[PDB]
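Any read-out appearing in this document is the output of simple, stated calculations on the displayed coordinates, not a laboratory observation. Don't worry about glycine lacking a Cβ; one is built from the backbone with ideal geometry, like all the others, and counts go over all protein chains shown.
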Protein chains: 2
Amino acid sequence: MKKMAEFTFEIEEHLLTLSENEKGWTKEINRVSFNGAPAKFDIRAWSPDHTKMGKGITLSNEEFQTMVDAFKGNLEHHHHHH
Amino acid sequence: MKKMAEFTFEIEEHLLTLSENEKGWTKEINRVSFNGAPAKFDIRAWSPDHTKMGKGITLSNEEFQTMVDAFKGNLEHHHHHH
């Protein structure tokens, strides 16, 4: 019992543009809203004007923050962090 | 000759588990070694028994390094600044 049960996705906020790979395969990080304003962090490769599809994965804020803190102290080791 | 149609995948480095969703849907980030030497970053969701499609997106070293720098410099702001 819902009025028109269909999902609408749109790019809410542009976070990071990683790189465009292969042939028209753009891969970036932004927040996509699905019906309303539940814009979560979506890390996905987007298909070109022709065919194929990206293996992009969606993360919630909790999950997203988790990886960020880890990599914050781990991968970026060029600054002062023991 | 060797039948080069078998890309041997082995996870030599488990970065961190993000969250375990529902009950069997584990979502984490790890490095998968394809053939052996090329072990790059992969963000994949794993399913319970039988296992089903959980997306799973592979990122290259450069693209991964990119996001870590940016996310290290931000995002960590508490969702109640104003």
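Could you tally up the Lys pairs in chain A with alpha carbons closer than 28 Å? Skip any pair fewer than 8 positions apart unless they're on separate chains.
13
So how tilted is helix A:61-73 from the main axis of chain A? Cα-based, degrees 0 to 90, rounded to 10.
Value to nearest ten degrees: 20.
Which distance in Å, rounded to a whole number, links the C-alpha centroids of the range B:1-53 and the range A:20-38?
A separation of 22 Å, based on Cα centres.
Say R0 is 30 Å: what FRET efficiency, to the nearest 0.05, do A:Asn61 and A:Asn21 get from their beta-carbon distance?
0.65
In the range A:1-74, which chymotrypsin sites (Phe, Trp or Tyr not before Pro) fall in coil by DSSP and have 16 or fewer other Cβ atoms within 10 Å?
A:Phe7
Find me the longest stretch of chain A that has none of the exposed GluC sites (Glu not before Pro), where exposed means in a DSSP loop (not H, G, I, E or B) with at most 14 other Cβ atoms within 10 Å.
No qualifying site falls inside A:23-82, the longest such stretch.
Net charge within 12 Å of A:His78 by Cβ-Cβ distance, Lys/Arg positive one each and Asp/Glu negative one each, not counting A:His78 itself?
-1
Report the net charge of residues surrounding B:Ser33, where surrounding means a beta-carbon distance below 9 angstrom and charges are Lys +1, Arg +1, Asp -1, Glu -1.
My count for the surroundings of B:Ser33 gives -1.
Compute the semi-axes of the equivalent ellipsoid of chain A, taking the square root of 5 times each eigenvalue of the Cα gyration tensor, and list them largest first in whole Å.
29, 20, 9
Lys and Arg at +1, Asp and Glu at -1: add these up for the other residues within a Cβ distance under 12 Å of A:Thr58 and post the number.
+4
Over chain B, what is the relative contact order in percent, taking alpha-carbon pairs closer than 8 angstrom and at least six residues apart?
So the answer I get is 20 percent.
Amide H to amide H under 5 Å from B:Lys40: which residues, 5+ apart in sequence or cross-chain, H placed 1.01 Å off N in plane?
B:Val32, B:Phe34
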